[PDB]
Every structure is written in C-alpha cells, then in structure tokens.
file work_11.pdb (PDB, C-alpha atoms)
ATOM      1  CA  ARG Y   7       0.000   0.000   0.000
ATOM      2  CA  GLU Y   8       2.745   2.479   1.111
ATOM      3  CA  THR Y   9       4.287   4.080  -2.039
ATOM      4  CA  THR Y  10       8.088   3.306  -2.443
ATOM      5  CA  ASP Y  11      10.693   4.632  -4.971
ATOM      6  CA  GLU Y  12      10.409   1.166  -6.689
ATOM      7  CA  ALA Y  13       6.616   1.731  -7.214
ATOM      8  CA  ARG Y  14       7.420   5.275  -8.502
ATOM      9  CA  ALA Y  15       9.959   3.894 -11.068
ATOM     10  CA  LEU Y  16       7.573   1.126 -12.309
ATOM     11  CA  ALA Y  17       4.880   3.874 -12.893
ATOM     12  CA  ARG Y  18       7.407   6.088 -14.772
ATOM     13  CA  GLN Y  19       8.722   3.044 -16.771
ATOM     14  CA  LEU Y  20       5.123   2.110 -17.857
ATOM     15  CA  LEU Y  21       4.539   5.705 -19.100
ATOM     16  CA  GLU Y  22       7.937   5.739 -21.007
ATOM     17  CA  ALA Y  23       7.010   2.382 -22.711
ATOM     18  CA  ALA Y  24       3.316   3.387 -23.451
ATOM     19  CA  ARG Y  25       2.221   3.542 -27.157
ATOM     20  CA  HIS Y  26      -1.576   2.935 -26.520
ATOM     21  CA  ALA Y  27      -4.067   3.200 -23.622
ATOM     22  CA  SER Y  28      -7.694   2.835 -22.513
ATOM     23  CA  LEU Y  29      -9.105   6.423 -22.224
ATOM     24  CA  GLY Y  30     -12.076   7.148 -19.943
ATOM     25  CA  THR Y  31     -14.337  10.112 -20.853
ATOM     26  CA  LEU Y  32     -17.758  11.280 -19.566
ATOM     27  CA  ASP Y  33     -20.630  10.618 -22.053
ATOM     28  CA  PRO Y  34     -22.223  14.137 -22.335
ATOM     29  CA  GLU Y  35     -25.843  12.811 -22.586
ATOM     30  CA  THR Y  36     -25.748  10.255 -19.640
ATOM     31  CA  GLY Y  37     -22.518  11.005 -17.619
ATOM     32  CA  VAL Y  38     -21.570   7.227 -17.877
ATOM     33  CA  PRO Y  39     -17.803   6.620 -18.520
ATOM     34  CA  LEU Y  40     -17.032   5.991 -22.248
ATOM     35  CA  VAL Y  41     -13.915   3.667 -22.444
ATOM     36  CA  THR Y  42     -12.082   3.811 -25.833
ATOM     37  CA  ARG Y  43      -8.611   2.670 -27.049
ATOM     38  CA  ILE Y  44      -6.216   5.525 -28.041
ATOM     39  CA  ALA Y  45      -2.650   6.165 -29.253
ATOM     40  CA  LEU Y  46      -0.871   7.547 -26.155
ATOM     41  CA  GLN Y  47       2.784   8.502 -25.468
ATOM     42  CA  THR Y  48       4.426  11.088 -23.111
ATOM     43  CA  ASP Y  49       5.955  14.431 -24.260
ATOM     44  CA  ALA Y  50       9.325  15.932 -23.052
ATOM     45  CA  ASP Y  51       8.197  16.554 -19.382
ATOM     46  CA  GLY Y  52       6.788  12.937 -19.282
ATOM     47  CA  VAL Y  53       3.100  14.079 -19.193
ATOM     48  CA  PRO Y  54       0.661  11.681 -20.941
ATOM     49  CA  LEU Y  55      -0.064  12.874 -24.518
ATOM     50  CA  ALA Y  56      -3.043  11.463 -26.491
ATOM     51  CA  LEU Y  57      -3.639  11.697 -30.285
ATOM     52  CA  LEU Y  58      -7.446  11.761 -30.979
ATOM     53  CA  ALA Y  59      -9.630  12.149 -34.113
ATOM     54  CA  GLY Y  60     -10.987  15.676 -33.376
ATOM     55  CA  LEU Y  61     -14.733  14.759 -33.916
ATOM     56  CA  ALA Y  62     -14.782  11.143 -32.547
ATOM     57  CA  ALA Y  63     -17.006  10.357 -29.485
ATOM     58  CA  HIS Y  64     -14.093  10.601 -26.945
ATOM     59  CA  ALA Y  65     -12.807  13.910 -28.474
ATOM     60  CA  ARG Y  66     -16.358  15.428 -28.334
ATOM     61  CA  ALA Y  67     -16.736  14.212 -24.711
ATOM     62  CA  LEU Y  68     -13.422  15.986 -23.836
ATOM     63  CA  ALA Y  69     -14.455  19.212 -25.695
ATOM     64  CA  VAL Y  70     -17.548  19.400 -23.363
ATOM     65  CA  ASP Y  71     -15.852  18.030 -20.123
ATOM     66  CA  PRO Y  72     -12.033  17.671 -19.861
ATOM     67  CA  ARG Y  73     -12.114  15.074 -16.998
ATOM     68  CA  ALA Y  74     -10.159  12.014 -18.314
ATOM     69  CA  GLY Y  75      -9.058   8.568 -17.039
ATOM     70  CA  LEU Y  76      -6.155   6.517 -18.509
ATOM     71  CA  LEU Y  77      -5.306   2.817 -18.017
ATOM     72  CA  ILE Y  78      -1.706   2.079 -19.169
ATOM     73  CA  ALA Y  79      -0.662  -1.616 -19.260
ATOM     74  CA  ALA Y  80       2.618  -3.279 -20.351
ATOM     75  CA  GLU Y  81       1.830  -4.053 -24.051
ATOM     76  CA  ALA Y  82       4.641  -6.733 -24.238
ATOM     77  CA  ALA Y  83       3.556  -8.653 -21.041
ATOM     78  CA  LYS Y  84       2.866 -12.414 -21.654
ATOM     79  CA  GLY Y  85       0.499 -14.766 -19.735
ATOM     80  CA  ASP Y  86      -2.686 -13.904 -17.722
ATOM     81  CA  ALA Y  87      -3.857 -10.236 -18.324
ATOM     82  CA  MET Y  88      -4.511  -9.771 -14.523
ATOM     83  CA  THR Y  89      -0.782 -10.375 -13.637
ATOM     84  CA  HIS Y  90       0.367  -7.587 -16.078
ATOM     85  CA  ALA Y  91       1.579  -4.320 -14.452
ATOM     86  CA  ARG Y  92      -0.877  -1.431 -15.060
ATOM     87  CA  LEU Y  93      -1.277   2.218 -14.052
ATOM     88  CA  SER Y  94      -4.667   4.052 -13.644
ATOM     89  CA  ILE Y  95      -4.406   7.861 -13.979
ATOM     90  CA  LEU Y  96      -7.109  10.448 -13.085
ATOM     91  CA  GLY Y  97      -6.348  13.635 -15.094
ATOM     92  CA  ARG Y  98      -7.695  16.692 -16.970
ATOM     93  CA  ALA Y  99      -7.320  16.891 -20.802
ATOM     94  CA  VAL Y 100      -5.799  20.087 -22.360
ATOM     95  CA  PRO Y 101      -5.336  20.718 -26.125
ATOM     96  CA  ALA Y 102      -1.556  20.625 -26.789
ATOM     97  CA  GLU Y 103       0.256  23.412 -28.738
ATOM     98  CA  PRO Y 104       1.450  23.023 -32.334
ATOM     99  CA  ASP Y 105       5.069  21.618 -32.178
ATOM    100  CA  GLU Y 106       7.431  20.344 -34.972
ATOM    101  CA  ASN Y 107       9.482  18.343 -32.368
ATOM    102  CA  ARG Y 108       6.258  16.711 -30.968
ATOM    103  CA  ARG Y 109       5.146  15.608 -34.492
ATOM    104  CA  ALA Y 110       8.385  13.537 -34.985
ATOM    105  CA  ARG Y 111       9.115  12.272 -31.432
ATOM    106  CA  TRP Y 112       5.727  10.528 -31.910
ATOM    107  CA  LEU Y 113       6.709   8.773 -35.209
ATOM    108  CA  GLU Y 114      10.209   7.716 -33.952
ATOM    109  CA  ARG Y 115       8.258   5.972 -31.099
ATOM    110  CA  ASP Y 116       5.229   4.787 -33.206
ATOM    111  CA  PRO Y 117       5.970   4.486 -36.984
ATOM    112  CA  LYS Y 118       2.494   2.914 -37.757
ATOM    113  CA  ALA Y 119       1.074   6.312 -36.505
ATOM    114  CA  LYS Y 120       1.844   8.023 -39.896
ATOM    115  CA  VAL Y 121      -1.677   6.913 -41.099
ATOM    116  CA  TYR Y 122      -3.093   9.322 -38.378
ATOM    117  CA  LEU Y 123      -0.705  12.230 -39.364
ATOM    118  CA  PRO Y 126      -5.758  15.665 -41.080
ATOM    119  CA  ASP Y 127      -8.592  15.922 -38.427
ATOM    120  CA  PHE Y 128      -6.225  14.537 -35.677
ATOM    121  CA  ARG Y 129      -5.199  16.466 -32.530
ATOM    122  CA  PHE Y 130      -2.821  16.229 -29.535
ATOM    123  CA  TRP Y 131      -4.226  16.416 -25.942
ATOM    124  CA  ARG Y 132      -2.039  16.561 -22.765
ATOM    125  CA  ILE Y 133      -3.730  14.589 -19.924
ATOM    126  CA  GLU Y 134      -2.334  16.342 -16.813
ATOM    127  CA  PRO Y 135      -2.362  13.918 -13.859
ATOM    128  CA  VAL Y 136      -4.029  14.670 -10.493
ATOM    129  CA  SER Y 137      -3.767  11.085  -9.017
ATOM    130  CA  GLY Y 138      -2.734   7.476  -9.911
ATOM    131  CA  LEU Y 139      -3.346   3.811  -8.964
ATOM    132  CA  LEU Y 140      -0.390   1.401  -9.614
ATOM    133  CA  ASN Y 141      -1.155  -2.331  -9.815
ATOM    134  CA  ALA Y 142       2.201  -4.263 -10.052
ATOM    135  CA  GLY Y 143       0.450  -7.531 -11.093
ATOM    136  CA  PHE Y 144       0.205  -9.067  -7.578
ATOM    137  CA  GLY Y 145      -0.521  -7.935  -3.978
ATOM    138  CA  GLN Y 146      -1.938  -4.464  -3.127
ATOM    139  CA  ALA Y 147      -1.936  -1.337  -5.368
ATOM    140  CA  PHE Y 148       0.004   1.920  -4.723
ATOM    141  CA  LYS Y 149      -1.703   5.382  -4.585
ATOM    142  CA  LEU Y 150       0.449   7.896  -6.571
ATOM    143  CA  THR Y 151       0.601  11.743  -6.700
ATOM    144  CA  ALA Y 152       1.288  13.639  -9.971
ATOM    145  CA  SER Y 153       4.994  14.103  -8.955
ATOM    146  CA  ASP Y 154       5.278  10.263  -8.411
ATOM    147  CA  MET Y 155       4.343   9.703 -12.143
ATOM    148  CA  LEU Y 156       6.438  12.491 -13.804
ATOM    149  CA  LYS Y 157      10.103  12.472 -12.467
TER     150      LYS Y 157
ATOM    151  CA  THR H   9     -26.111  -0.972 -38.571
ATOM    152  CA  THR H  10     -26.149  -4.591 -39.905
ATOM    153  CA  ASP H  11     -26.246  -8.305 -38.782
ATOM    154  CA  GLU H  12     -22.458  -8.837 -39.328
ATOM    155  CA  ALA H  13     -21.942  -5.766 -36.994
ATOM    156  CA  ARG H  14     -24.285  -7.339 -34.311
ATOM    157  CA  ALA H  15     -22.536 -10.731 -34.800
ATOM    158  CA  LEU H  16     -19.069  -9.017 -34.320
ATOM    159  CA  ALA H  17     -20.206  -7.322 -31.024
ATOM    160  CA  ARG H  18     -21.497 -10.692 -29.581
ATOM    161  CA  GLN H  19     -18.350 -12.486 -30.914
ATOM    162  CA  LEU H  20     -16.138  -9.966 -28.926
ATOM    163  CA  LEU H  21     -18.550 -10.273 -25.947
ATOM    164  CA  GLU H  22     -18.405 -14.155 -26.093
ATOM    165  CA  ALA H  23     -14.904 -15.403 -25.125
ATOM    166  CA  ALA H  24     -13.782 -12.072 -23.678
ATOM    167  CA  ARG H  25     -11.854 -12.813 -20.432
ATOM    168  CA  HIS H  26     -10.847  -9.280 -19.281
ATOM    169  CA  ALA H  27     -11.915  -5.677 -20.040
ATOM    170  CA  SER H  28     -11.168  -2.032 -19.196
ATOM    171  CA  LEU H  29     -13.871  -1.017 -16.643
ATOM    172  CA  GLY H  30     -14.825   2.682 -16.366
ATOM    173  CA  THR H  31     -16.352   3.876 -13.082
ATOM    174  CA  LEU H  32     -16.778   7.396 -11.591
ATOM    175  CA  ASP H  33     -14.270   8.574  -8.965
ATOM    176  CA  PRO H  34     -16.661   9.599  -6.105
ATOM    177  CA  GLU H  35     -14.474  12.582  -4.965
ATOM    178  CA  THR H  36     -13.681  14.226  -8.379
ATOM    179  CA  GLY H  37     -16.192  12.542 -10.813
ATOM    180  CA  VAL H  38     -13.182  11.753 -13.118
ATOM    181  CA  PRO H  39     -13.507   8.370 -14.953
ATOM    182  CA  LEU H  40     -11.357   5.767 -13.109
ATOM    183  CA  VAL H  41     -10.244   3.083 -15.689
ATOM    184  CA  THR H  42      -8.974  -0.295 -14.350
ATOM    185  CA  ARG H  43      -8.584  -3.873 -15.748
ATOM    186  CA  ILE H  44     -11.155  -6.501 -14.600
ATOM    187  CA  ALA H  45     -12.006 -10.171 -15.226
ATOM    188  CA  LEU H  46     -15.172 -10.069 -17.409
ATOM    189  CA  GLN H  47     -17.364 -12.955 -18.731
ATOM    190  CA  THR H  48     -20.950 -13.021 -20.171
ATOM    191  CA  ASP H  49     -23.840 -14.388 -17.998
ATOM    192  CA  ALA H  50     -26.285 -17.163 -19.175
ATOM    193  CA  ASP H  51     -28.139 -14.553 -21.345
ATOM    194  CA  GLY H  52     -24.977 -12.833 -22.808
ATOM    195  CA  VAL H  53     -24.959  -9.797 -20.402
ATOM    196  CA  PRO H  54     -21.436  -8.678 -19.333
ATOM    197  CA  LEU H  55     -20.505 -10.095 -15.886
ATOM    198  CA  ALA H  56     -17.607  -8.670 -13.810
ATOM    199  CA  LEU H  57     -15.910 -10.511 -10.876
ATOM    200  CA  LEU H  58     -14.777  -7.591  -8.620
ATOM    201  CA  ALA H  59     -12.866  -7.287  -5.275
ATOM    202  CA  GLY H  60     -15.243  -5.660  -2.705
ATOM    203  CA  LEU H  61     -12.447  -3.362  -1.273
ATOM    204  CA  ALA H  62     -10.924  -2.195  -4.652
ATOM    205  CA  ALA H  63     -11.402   1.485  -5.783
ATOM    206  CA  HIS H  64     -13.712   0.434  -8.718
ATOM    207  CA  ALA H  65     -16.056  -1.757  -6.501
ATOM    208  CA  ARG H  66     -16.227   1.144  -3.958
ATOM    209  CA  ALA H  67     -17.011   3.582  -6.860
ATOM    210  CA  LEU H  68     -19.941   1.392  -8.170
ATOM    211  CA  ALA H  69     -21.450   1.241  -4.609
ATOM    212  CA  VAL H  70     -21.713   5.149  -4.710
ATOM    213  CA  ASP H  71     -22.901   5.421  -8.405
ATOM    214  CA  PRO H  72     -23.499   2.251 -10.512
ATOM    215  CA  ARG H  73     -22.834   3.881 -13.953
ATOM    216  CA  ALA H  74     -20.138   1.766 -15.713
ATOM    217  CA  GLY H  75     -18.294   1.804 -19.089
ATOM    218  CA  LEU H  76     -16.565  -1.314 -20.580
ATOM    219  CA  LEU H  77     -13.995  -1.644 -23.418
ATOM    220  CA  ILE H  78     -13.618  -5.154 -24.943
ATOM    221  CA  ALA H  79     -10.732  -5.733 -27.439
ATOM    222  CA  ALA H  87      -3.475  -2.001 -31.255
ATOM    223  CA  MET H  88      -5.695   0.435 -33.295
ATOM    224  CA  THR H  89      -6.695  -2.062 -36.108
ATOM    225  CA  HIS H  90      -8.205  -4.479 -33.458
ATOM    226  CA  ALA H  91     -12.064  -4.686 -33.522
ATOM    227  CA  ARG H  92     -13.409  -3.348 -30.191
ATOM    228  CA  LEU H  93     -16.616  -2.533 -28.381
ATOM    229  CA  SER H  94     -17.417   0.268 -25.883
ATOM    230  CA  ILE H  95     -20.516  -0.335 -23.641
ATOM    231  CA  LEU H  96     -22.346   2.325 -21.584
ATOM    232  CA  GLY H  97     -24.407   0.519 -18.873
ATOM    233  CA  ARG H  98     -25.281   0.427 -15.139
ATOM    234  CA  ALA H  99     -23.811  -2.059 -12.608
ATOM    235  CA  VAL H 100     -25.988  -4.161 -10.175
ATOM    236  CA  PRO H 101     -24.694  -6.853  -7.731
ATOM    237  CA  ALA H 102     -25.467 -10.588  -8.398
ATOM    238  CA  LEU H 123     -10.259 -18.606  -7.352
ATOM    239  CA  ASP H 124     -12.982 -19.069  -4.605
ATOM    240  CA  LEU H 125     -11.860 -16.126  -2.291
ATOM    241  CA  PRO H 126     -14.678 -14.599  -0.111
ATOM    242  CA  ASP H 127     -14.503 -10.717  -0.431
ATOM    243  CA  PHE H 128     -14.862 -10.809  -4.294
ATOM    244  CA  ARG H 129     -18.470 -10.482  -5.687
ATOM    245  CA  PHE H 130     -20.399 -10.618  -9.028
ATOM    246  CA  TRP H 131     -21.942  -7.665 -10.958
ATOM    247  CA  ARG H 132     -23.985  -7.581 -14.162
ATOM    248  CA  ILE H 133     -23.001  -4.444 -16.193
ATOM    249  CA  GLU H 134     -26.468  -3.856 -17.804
ATOM    250  CA  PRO H 135     -26.095  -2.313 -21.311
ATOM    251  CA  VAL H 136     -27.893   0.929 -22.320
ATOM    252  CA  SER H 137     -25.878   1.581 -25.583
ATOM    253  CA  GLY H 138     -22.691   0.566 -27.458
ATOM    254  CA  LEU H 139     -20.027   1.840 -29.907
ATOM    255  CA  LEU H 140     -18.469  -0.834 -32.209
ATOM    256  CA  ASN H 141     -15.148  -0.031 -33.960
ATOM    257  CA  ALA H 142     -14.169  -2.586 -36.687
ATOM    258  CA  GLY H 143     -11.801  -0.580 -39.026
ATOM    259  CA  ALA H 147     -17.792   3.124 -36.063
ATOM    260  CA  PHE H 148     -21.377   1.812 -35.435
ATOM    261  CA  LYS H 149     -23.827   2.835 -32.629
ATOM    262  CA  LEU H 150     -25.557  -0.210 -31.017
ATOM    263  CA  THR H 151     -28.667  -0.772 -28.806
ATOM    264  CA  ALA H 152     -28.685  -3.046 -25.703
ATOM    265  CA  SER H 153     -30.292  -5.977 -27.701
ATOM    266  CA  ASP H 154     -27.825  -5.612 -30.687
ATOM    267  CA  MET H 155     -25.084  -6.870 -28.245
ATOM    268  CA  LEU H 156     -27.322  -9.729 -26.859
TER     269      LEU H 156
END
call {"tool": "encode", "arguments": {"input": "work_11.pdb", "output": "structure tokens"}}
result
Amino acid sequence: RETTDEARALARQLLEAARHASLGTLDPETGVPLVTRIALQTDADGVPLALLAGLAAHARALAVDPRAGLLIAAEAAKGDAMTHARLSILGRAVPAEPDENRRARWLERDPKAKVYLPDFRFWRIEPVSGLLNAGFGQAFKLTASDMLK
Amino acid sequence: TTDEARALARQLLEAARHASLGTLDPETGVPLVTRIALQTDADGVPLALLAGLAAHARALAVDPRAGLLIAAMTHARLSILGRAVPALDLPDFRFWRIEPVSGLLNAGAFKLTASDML
C-alpha cells in the first residue's frame, strides 16, 4: 500500500514504454464513462499525450468536459492479463500546442502512426492522481509528482 | 447498422476474459479506468468478478454507472455504456452484471442498442 521509490519507477517506466491506452471520458448525454482505445505517449516533461480524431465520441466528450481517465498496461507482457503491471491515472485533458518536435518524437516511437498524421489532434492529460497495480498484492496510490520524475 | 456488426459485437462479448472497466471517482467525478475479469452471464450480459475493497467496486457502490472496453488500433473493439448491479474461490470478491444501455463498435464506427449486443 505504502508508495516506495520502486513503485514510482515502475509507474514512470510504464509511461515511457506506453504507445496505446484505454481512455475514460464522460458521455455528455448520460454522464456514464465511455472507455475507448487511443494512441498515447508522453511528451518531453513525461506528461501523458493522447492523439485523438478531433470529432470522434471521446474527443467530443473531452471538448464538453475535460475530466479524463487513462489505463496504461505493459503491451509486451505475456500470460494472464490480470498479472500484467498497469497504471490508472485520473487527469484533466488540455489541447496541446502546435510543435514540430512533438510531431516527430511521436513517429520515432510509433511508426504505424503516420496513417493518423488531417482531423487529428494532440491532448495533454495532466495527472491529479494514480493507482499502480504491479500484477500481484496491493496497489500503490500515486501523486502527480510520483508519475512524472 | 447490420447483422455482421451485431454478430461481431457478440463475438467480442463471447470469449472475452478481461476488459477495461470505467467507473466514476466519487471525490472528483473523473472516470477511473482499471482492468477486470469479465465474462458473459447465461443470457450474454457482461458479468464482472470484482474485489469488494478495490477502488472500482467502492465507486460502483456510490454510483453504478459503468463503461466497458472489450478488445493495437486495427483491433475490432466494443465500448458499452451501462449500469452495474450486484449478483479462485476467495470470499470478499463479488459478481456484478453491467447492464447495457448503448454501445459503440469499432471494426476498421457503429452505434448499437442493448439488444444488438445480446
């Protein structure tokens, strides 16, 4: 339960390795969480960075209410899904500036993601809190500092 | 929407073993997204086996609204908006049906009704 530097480093290592995630948004009509799969990396300061189709369901939800959840799992893990390490973030979405360096970092890390680069937009998901599940035993509660550096 | 689209949703539903669960953080209202074991019940309705003490199980006790994602971007997947209601072999774990209101099916999207997925 008690957060250690080891727990902090696993959380940071998951974010550095992340190419995709499950994104939680609030359905405007009903306020029920909409859970969709997204391309997700970090930018320079290690803050989660999403690439969304600007008029898709999850992008429209964000436009109306920027409250956002992320699940980040180890994509390479083998065996039972429930023993994979995974990080839950509670955050707020913010449209991310134009940047030549950003649109390039992203391709070096995800080549496939040329198809997307149009109507496609970067969002920073600024963390408030985090839940680390290491694959076994009890989770760690994380602050925003715990996840970033 | 079409029969092959309804058939794809139930296909993903049938022999799904885990999912991303979306519940509402009670303090902040932010969607909390965690991984869960998920099966269908007798009648094809999503069924989650959830630890009573875990953040998500707490969250559903306060407000039973629940999202599910069942499946990286070329993978067929299914988002479900629904409401949770209570229903190896450790005691504190419990069963929930996530009762579908609507759905979003991504093959390559398609809006779906509760009965399109059952």
call {"tool": "atom_distance", "arguments": {"input": "work_11.pdb", "atom1": "atom CA of residue 146 of chain Y", "atom2": "atom CA of residue 7 of chain Y"}}
result
5.8 Å
call {"tool": "resolve_selection", "arguments": {"input": "work_11.pdb", "expression": "the PyMOL selection byres ((chain H) within 6 of (chain Y))", "output": "JSON, numbers by chain"}}
result
{"H": [30, 38, 39, 40, 41, 73, 75, 76, 77, 94]}
call {"tool": "atom_distance", "arguments": {"input": "work_11.pdb", "atom1": "atom CA of residue 56 of chain H", "atom2": "atom CA of residue 12 of chain H"}}
result
26.0 Å
call {"tool": "resolve_selection", "arguments": {"input": "work_11.pdb", "expression": "the PyMOL selection byres ((chain H and resi 91) around 8)", "output": "VMD selection string"}}
result
chain H and resid 79 89 to 90 92 to 93 140 to 143
call {"tool": "resolve_selection", "arguments": {"input": "work_11.pdb", "expression": "the PyMOL selection byres ((chain H and resi 67) around 7)", "output": "ChimeraX atom specification"}}
result
/H:31-34,63-66,68-71
call {"tool": "residues_near_point", "arguments": {"input": "work_11.pdb", "point": "(-24.7, -3.9, -20.3)", "cutoff": "12 Å", "atoms": "all atoms listed in the file", "output": "number ranges by chain"}}
result
Y: 38; H: 18, 21, 29, 46-49, 51-56, 72-77, 93-100, 131-138, 150-156
call {"tool": "atom_distance", "arguments": {"input": "work_11.pdb", "atom1": "atom CA of residue 155 of chain Y", "atom2": "atom CA of residue 134 of chain Y"}}
result
10.5 Å
call {"tool": "axis_aligned_box", "arguments": {"input": "work_11.pdb", "around": "segment 10-26 of chain Y", "padding_each_side": "4 Å", "output": "AutoDock Vina command-line options"}}
result
--center_x 4.6 --center_y 3.6 --center_z -14.8 --size_x 20.3 --size_y 13.0 --size_z 32.7
call {"tool": "build_atoms", "arguments": {"input": "work_11.pdb", "residues": "segment 60-88 of chain H", "atoms": "N, CA and C atoms", "output": "PDB file, in the frame of the given file"}}
result
ATOM      1  N   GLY H  60     -14.358  -6.562  -3.469  1.00  0.00           N
ATOM      2  CA  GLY H  60     -15.243  -5.660  -2.705  1.00  0.00           C
ATOM      3  C   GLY H  60     -14.538  -4.406  -2.208  1.00  0.00           C
ATOM      4  N   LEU H  61     -13.232  -4.470  -1.906  1.00  0.00           N
ATOM      5  CA  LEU H  61     -12.447  -3.362  -1.273  1.00  0.00           C
ATOM      6  C   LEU H  61     -11.833  -2.435  -2.329  1.00  0.00           C
ATOM      7  N   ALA H  62     -11.601  -2.927  -3.552  1.00  0.00           N
ATOM      8  CA  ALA H  62     -10.924  -2.195  -4.652  1.00  0.00           C
ATOM      9  C   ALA H  62     -11.653  -0.868  -4.955  1.00  0.00           C
ATOM     10  N   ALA H  63     -10.895   0.155  -5.369  1.00  0.00           N
ATOM     11  CA  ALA H  63     -11.402   1.485  -5.783  1.00  0.00           C
ATOM     12  C   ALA H  63     -12.648   1.322  -6.671  1.00  0.00           C
ATOM     13  N   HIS H  64     -12.603   0.502  -7.727  1.00  0.00           N
ATOM     14  CA  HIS H  64     -13.712   0.434  -8.718  1.00  0.00           C
ATOM     15  C   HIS H  64     -14.989  -0.083  -8.026  1.00  0.00           C
ATOM     16  N   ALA H  65     -14.902  -1.134  -7.205  1.00  0.00           N
ATOM     17  CA  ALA H  65     -16.056  -1.757  -6.501  1.00  0.00           C
ATOM     18  C   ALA H  65     -16.656  -0.756  -5.506  1.00  0.00           C
ATOM     19  N   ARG H  66     -15.807  -0.014  -4.788  1.00  0.00           N
ATOM     20  CA  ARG H  66     -16.227   1.144  -3.958  1.00  0.00           C
ATOM     21  C   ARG H  66     -17.049   2.091  -4.842  1.00  0.00           C
ATOM     22  N   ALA H  67     -16.448   2.571  -5.935  1.00  0.00           N
ATOM     23  CA  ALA H  67     -17.011   3.582  -6.860  1.00  0.00           C
ATOM     24  C   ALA H  67     -18.414   3.172  -7.334  1.00  0.00           C
ATOM     25  N   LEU H  68     -18.627   1.901  -7.683  1.00  0.00           N
ATOM     26  CA  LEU H  68     -19.941   1.392  -8.170  1.00  0.00           C
ATOM     27  C   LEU H  68     -20.979   1.394  -7.037  1.00  0.00           C
ATOM     28  N   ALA H  69     -20.559   1.177  -5.792  1.00  0.00           N
ATOM     29  CA  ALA H  69     -21.450   1.241  -4.609  1.00  0.00           C
ATOM     30  C   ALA H  69     -22.052   2.655  -4.481  1.00  0.00           C
ATOM     31  N   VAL H  70     -21.300   3.712  -4.828  1.00  0.00           N
ATOM     32  CA  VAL H  70     -21.713   5.149  -4.710  1.00  0.00           C
ATOM     33  C   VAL H  70     -22.578   5.554  -5.912  1.00  0.00           C
ATOM     34  N   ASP H  71     -22.260   5.046  -7.110  1.00  0.00           N
ATOM     35  CA  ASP H  71     -22.901   5.421  -8.405  1.00  0.00           C
ATOM     36  C   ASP H  71     -22.673   4.279  -9.394  1.00  0.00           C
ATOM     37  N   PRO H  72     -23.710   3.495  -9.762  1.00  0.00           N
ATOM     38  CA  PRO H  72     -23.499   2.251 -10.512  1.00  0.00           C
ATOM     39  C   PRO H  72     -23.255   2.411 -12.026  1.00  0.00           C
ATOM     40  N   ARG H  73     -23.121   3.642 -12.516  1.00  0.00           N
ATOM     41  CA  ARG H  73     -22.834   3.881 -13.953  1.00  0.00           C
ATOM     42  C   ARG H  73     -21.437   3.316 -14.253  1.00  0.00           C
ATOM     43  N   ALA H  74     -21.325   2.563 -15.347  1.00  0.00           N
ATOM     44  CA  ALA H  74     -20.138   1.766 -15.713  1.00  0.00           C
ATOM     45  C   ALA H  74     -19.962   1.807 -17.230  1.00  0.00           C
ATOM     46  N   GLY H  75     -18.726   2.046 -17.695  1.00  0.00           N
ATOM     47  CA  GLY H  75     -18.294   1.804 -19.089  1.00  0.00           C
ATOM     48  C   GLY H  75     -17.420   0.555 -19.170  1.00  0.00           C
ATOM     49  N   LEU H  76     -17.445  -0.156 -20.296  1.00  0.00           N
ATOM     50  CA  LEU H  76     -16.565  -1.314 -20.580  1.00  0.00           C
ATOM     51  C   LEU H  76     -15.912  -1.120 -21.951  1.00  0.00           C
ATOM     52  N   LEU H  77     -14.658  -1.535 -22.096  1.00  0.00           N
ATOM     53  CA  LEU H  77     -13.995  -1.644 -23.418  1.00  0.00           C
ATOM     54  C   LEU H  77     -13.541  -3.095 -23.562  1.00  0.00           C
ATOM     55  N   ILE H  78     -13.965  -3.743 -24.641  1.00  0.00           N
ATOM     56  CA  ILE H  78     -13.618  -5.154 -24.943  1.00  0.00           C
ATOM     57  C   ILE H  78     -12.874  -5.149 -26.276  1.00  0.00           C
ATOM     58  N   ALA H  79     -11.609  -5.582 -26.255  1.00  0.00           N
ATOM     59  CA  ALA H  79     -10.732  -5.733 -27.439  1.00  0.00           C
ATOM     60  C   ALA H  79     -10.220  -7.178 -27.507  1.00  0.00           C
ATOM     61  N   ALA H  87      -2.328  -1.786 -32.171  1.00  0.00           N
ATOM     62  CA  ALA H  87      -3.475  -2.001 -31.255  1.00  0.00           C
ATOM     63  C   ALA H  87      -4.741  -1.328 -31.803  1.00  0.00           C
ATOM     64  N   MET H  88      -4.606  -0.459 -32.810  1.00  0.00           N
ATOM     65  CA  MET H  88      -5.695   0.435 -33.295  1.00  0.00           C
ATOM     66  C   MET H  88      -6.512  -0.233 -34.413  1.00  0.00           C
TER      67      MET H  88
END
